[PDB]
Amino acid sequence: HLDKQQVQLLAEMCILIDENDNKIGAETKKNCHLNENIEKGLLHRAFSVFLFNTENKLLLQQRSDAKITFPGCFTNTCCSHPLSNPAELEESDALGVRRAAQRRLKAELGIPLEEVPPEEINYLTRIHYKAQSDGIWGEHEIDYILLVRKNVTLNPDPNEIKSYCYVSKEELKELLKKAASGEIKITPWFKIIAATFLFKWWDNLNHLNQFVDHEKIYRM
């Protein structure tokens, strides 16, 4: 009964990890997102991209109604998972995750691979969180937060997103208030980052060295 193309993506192989983000196996995206498996501890690696343009506006997307988890929710630029293959399993300088981010930026938003090569993708820190989308589907990940600063071109896949918009800080606040009123919905990872680190980073977009932490995994 769910969207066919999204169903086909449920077969992708995700990277299973222990609570310290050490790789321990691989499992399908479907199984990694079933609350029944999450309830037993199944945890996978993921990433969340926050992309800002020269005007310092953050690029948001509204997930399409076809997404199996949190459909129609407003959220940050891109969120997905590195796959269990040689290229994206690469742990050196989080290269696997940055390659996966480049791949999904192209697949979801239509950003050319060349505009967002790994060297343009800055890995800030990791956050561990768990949530439920519905009675059946949910999330449980150690999420690599990645930041991109560039004036990209876009050509999104409507199967992935039903809308996108660059927002200023004040515009994001009006957005968050509309979410608090149940007017609109936002994803759990965006809610967590927005309530903790987002605005701090946004103020130091030029000096995010003091905001990089590759040692600690923040437990949210």
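Residues carry their position along the shown sequence, with the first being 1.
Entry-level comparison of average CA B-factors, 95 to 103 and 68 to 76, reporting the higher stretch: If you average the C-alpha B-factors of 95 to 103 and of 68 to 76, the larger mean comes out for 68 to 76.
Mean temperature factor over C-alpha atoms, higher-scoring stretch between 44 to 52 and 184 to 192: For C-alpha atoms only, the mean B-factor is higher in 184 to 192.
Identity of residue with top Cα B-factor, from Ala26, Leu59, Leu175, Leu34: Each of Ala26, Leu59, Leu175, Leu34 was compared by C-alpha B-factor; the highest is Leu175.
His128 - which third its CA temperature factor falls in, relative to the rest of the chain: It belongs to the lowest third of the chain when residues are ordered by C-alpha B-factor.
Where the record places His140 (Cα B-factor, split into thirds across the chain): Ranked within chain, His140 CA B lands in the lowest tercile.
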